[PDB]
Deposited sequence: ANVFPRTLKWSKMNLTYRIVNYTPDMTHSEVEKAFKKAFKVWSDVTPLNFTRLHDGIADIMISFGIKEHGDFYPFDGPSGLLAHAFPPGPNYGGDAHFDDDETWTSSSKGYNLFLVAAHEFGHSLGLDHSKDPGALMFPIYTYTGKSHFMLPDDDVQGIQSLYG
């Protein structure tokens, strides 16, 4: 017999992701770099490892979309909601969706994809929003040599050690 675990977390440390499609605002290479750097934020403070698949079903499926894109969290055009992600689990669990009505960059202009991805992948791993205004998991985007704040390190390590 088996029981569902209490806290939402991945039961395995070696996770896969797939970049399903790409925003027009950055080159493939830049998009790949941003998401890879964003996984590294979490892998540098946990035993978690992330491997990219080029097709098939991955633990974390990453896609860009606009307005209605196949869930109950439709996007809203430029600005407003930037992205959202589902907490760990089967099926849609772990998936991260980014609004392609935003202007995505590797810079201080528009919305920085790496920074937003780093936040969203926190959700993909089981972190909810923080009340700490300085935290990566605070629910409001602010742009910033990025260092993961203590609140997020504590949060993610309470899940994965």
property: Missing C-alpha runs, given along the deposited sequence, first residue counted as 1; result: 145-147
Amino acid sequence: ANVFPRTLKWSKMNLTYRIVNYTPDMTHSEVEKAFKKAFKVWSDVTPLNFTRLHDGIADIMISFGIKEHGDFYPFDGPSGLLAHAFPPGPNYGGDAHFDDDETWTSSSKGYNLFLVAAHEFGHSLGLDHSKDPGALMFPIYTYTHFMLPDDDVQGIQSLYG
From here on, numbers count along this sequence of modelled residues.
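In this text, the rigid core denotes the largest set of C-alpha atoms whose superposition between the two forms falls within 1.5 Å.
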query: Segment of greater CA departure in 6 other deposited structures of this protein, 42-50 or 66-74, core superposed; finding: 66-74
query: 28-36 versus 107-115 - greater average Cα B-factor per the deposited record; finding: 107-115
query: Between the two ranges 40-48 and 88-96, the one averaging a larger CA B factor in the entry; finding: 88-96
query: Among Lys131, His54, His69, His123 - the residue whose C-alpha B-factor is largest in the record; finding: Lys131
query: Cα B factor band for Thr16 (lowest, middle or highest third within the chain); finding: lowest
